[PDB]
Every structure is written in C-alpha cells, then in structure tokens.
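What's counted below: heavy atoms across the whole structure, side chains too, no hydrogens, waters or symmetry copies. Protein chains get the first letters and strands the later ones, always in sequence-line order, with residue 1 at the start of each.
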There are 2 protein chains.
Amino acid sequence: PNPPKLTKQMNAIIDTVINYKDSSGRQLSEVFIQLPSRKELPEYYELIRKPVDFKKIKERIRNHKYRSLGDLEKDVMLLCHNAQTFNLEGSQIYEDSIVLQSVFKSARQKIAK
Amino acid sequence: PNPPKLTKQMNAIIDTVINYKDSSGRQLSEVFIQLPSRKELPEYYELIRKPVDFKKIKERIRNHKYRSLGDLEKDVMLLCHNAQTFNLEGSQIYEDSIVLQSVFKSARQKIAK
Ligand SMILES: Nc1nnc(-c2ccccc2O)cc1N1CC[NH2+]CC1
Ligand SMILES: Nc1nnc(-c2ccccc2O)cc1N1CC[NH2+]CC1
Ligand SMILES: [Zn+2]
Ligand SMILES: [Zn+2]
C-alpha cells in the first residue's frame, strides 16, 4: 500500500477537482464522473483508445495503483485530453475539460508543494 | 463555399491519412488528432508558433477555409513539421510524422491526379 499521507494528498487534490464550481455555481466535473457506457455512446470507444473517468481515478487511489502524484496527474490529463479529442473545440464539455486541467494543476501545487 | 467534389477530394485524402495503419496495425495519426492543451504541455506552445492538429484540418475543410489541395497540403505539412520540430529525431512521434507526410502526398496523387 501507499503511505497514508500520499493517499490523503491524492484524495484532497481529486476532491478539489471534482467539487470545483465555476462562477455560475456549476460543478464542472459532473459529466466526467462516469463515462456513458459502450451501449449509450459506442462512438466514444471507437475514437478514444484509453477511456477513463473520475470514478476510475478514485478507484486507482483507493487501490494504490498510482505510486505518486505524477501517476495521478497522468490519468487526470488523459481524462481531459480524451474529452478534448472527442468533443468539438468551443463546446461546453471541451472547454470544461481545459478548466479542470488548470484546477488539478493548481490544487496539486497548493496541497503537495 | 467550395465546389462539392473539391470538399470530397479533401475529405478522401485526409481520411486516408487519418486511417492509415503501419504493418503492426498501429494508426499513426492517433497522437495528432488533438493537440495536448496549453495546460497539459505548455512547452509545446512556447516552441511551436503555429500549432495545428487533424481536428483543426477537418474543421478547415468543413468551413471551406482551404480553397485548393495545395492549401490543405500546407497545413498537413505544418502539422508534421511541428511534430518534427518539438520531438527528438528518432522518437516514435517524430518518425510517425515523416511517414504521414508520405501518406498525404501519395493519397493526394491517387485521389486528385
Ligand atoms: N460528449 C462527451 N464527451 N466526453 C464525455 C466524458 C465523460 C467522462 C469522462 C471523459 C469524457 O470525455 C462525456 C460526453 N457526453 C456526456 C453527455 N452526453 C453526451 C456524451
Ligand atoms: N510529443 C508530442 N509532440 N507532438 C504532438 C502533436 C499533437 C498533435 C499535433 C501535432 C503535434 O506535434 C503531441 C505530442 N505528445 C503526445 C503524447 N504526450 C506527449 C506529447
Ligand atoms: Zn448518459
Ligand atoms: Zn494528453
């Protein structure tokens, strides 16, 4: 298992990302918590080779799959980059995923550095 | 708008480039569909003055921004030349971008000439 404070730092960072609200009170992470299934949106799985959602990221913290904050960052960047790949530039989901990459990076800097 | 057959030729050429697989079954265009964002890879935007990806190229065909196959070629060459500028010689991304320039040129010759 990971050291307790590393798991605590990962949960604090991911909770900051998931709970973040924009100035209109909207929780930007909402659509990213659970991917649509292969039955609901088969086109997503045709285009995205490594799907991931925040439910999977929290599971990977619980199961100690990430060995560092760098490992955690790689999956959060993947989730957002996948959203940017599937969606059109300027769409709400595409733009929300860019904001969440900034929220992750600043939360990591506050909580760990 | 462009004449329908010109848009058809551009989509046929770009679909050949995007769908191309090497002999190991790998779709070489994968990494080039959507650039990493400025938050994910700020160094790319510091070094590359005119970033472009295949999502942008398909948008420019849809919006009739390219007025000829020469205009289309210039952006595909830019994408690959940018990949060669950012990456080290001999890296997979650098070498894949050289192969895609050949795939574009041969697809243009088949489909249009
Ligand atoms: N368009 C979409 N793009 N991306 C996601 C998505 C969800 C979780 C993790 C990563 C993701 O990229 C969900 C999407 N939609 C939700 C609303 N219904 C249409 C489909
Ligand atoms: N190294 C990289 N170089 N180039 C691109 C790239 C992407 C789209 C269009 C043009 C490009 O040049 C992506 C790169 N990487 C992807 C994997 N993660 C590390 C960054
Ligand atoms: Zn749904
Ligand atoms: Zn990425």
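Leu35(B) and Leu78(A) fall into different hydrophobic clusters, where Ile, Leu, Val, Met, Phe, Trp and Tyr are joined by side-chain heavy atoms under 4.5 Å apart, directly or via other members. Hydrophobic clustering, with ILVMFWY side chains joined whenever heavy atoms are under 4.5 angstrom apart, groups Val103(B) together with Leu72(B). Residues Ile48(A) and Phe54(A) do not share a hydrophobic cluster, defined by chaining ILVMFWY side chains whose heavy atoms lie under 4.5 Å apart. Linking ILVMFWY residues whenever their side-chain heavy atoms come closer than 4.5 Å, directly or via other members, places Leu28(B) and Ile18(B) in the same cluster. When hydrophobic clusters are built by joining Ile, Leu, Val, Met, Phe, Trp and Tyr residues whose side-chain heavy atoms come closer than 4.5 Å, directly or via intermediates, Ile61(B) is grouped together with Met77(B).
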Cross-chain donor-acceptor list, chain A x chain B, under 3.5 angstrom:
unit_1: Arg49(A); atom_1: NH2; unit_2: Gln27(B); atom_2: OE1; d: 3.2
unit_1: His81(A); atom_1: ND1; unit_2: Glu40(B); atom_2: OE1; d: 3.4
unit_1: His81(A); atom_1: ND1; unit_2: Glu40(B); atom_2: OE2; d: 3.4
unit_1: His81(A); atom_1: NE2; unit_2: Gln34(B); atom_2: O; d: 2.8
unit_1: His81(A); atom_1: NE2; unit_2: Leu35(B); atom_2: O; d: 3.4
unit_1: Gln84(A); atom_1: O; unit_2: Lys55(B); atom_2: NZ; d: 2.7
unit_1: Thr85(A); atom_1: O; unit_2: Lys55(B); atom_2: NZ; d: 2.9
unit_1: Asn87(A); atom_1: O; unit_2: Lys55(B); atom_2: NZ; d: 2.8
unit_1: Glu89(A); atom_1: OE1; unit_2: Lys56(B); atom_2: NZ; d: 2.8
unit_1: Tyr94(A); atom_1: OH; unit_2: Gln34(B); atom_2: NE2; d: 3.0
unit_1: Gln101(A); atom_1: OE1; unit_2: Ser37(B); atom_2: OG; d: 2.7
unit_1: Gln101(A); atom_1: NE2; unit_2: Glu40(B); atom_2: OE1; d: 3.4
unit_1: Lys105(A); atom_1: NZ; unit_2: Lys39(B); atom_2: O; d: 3.2

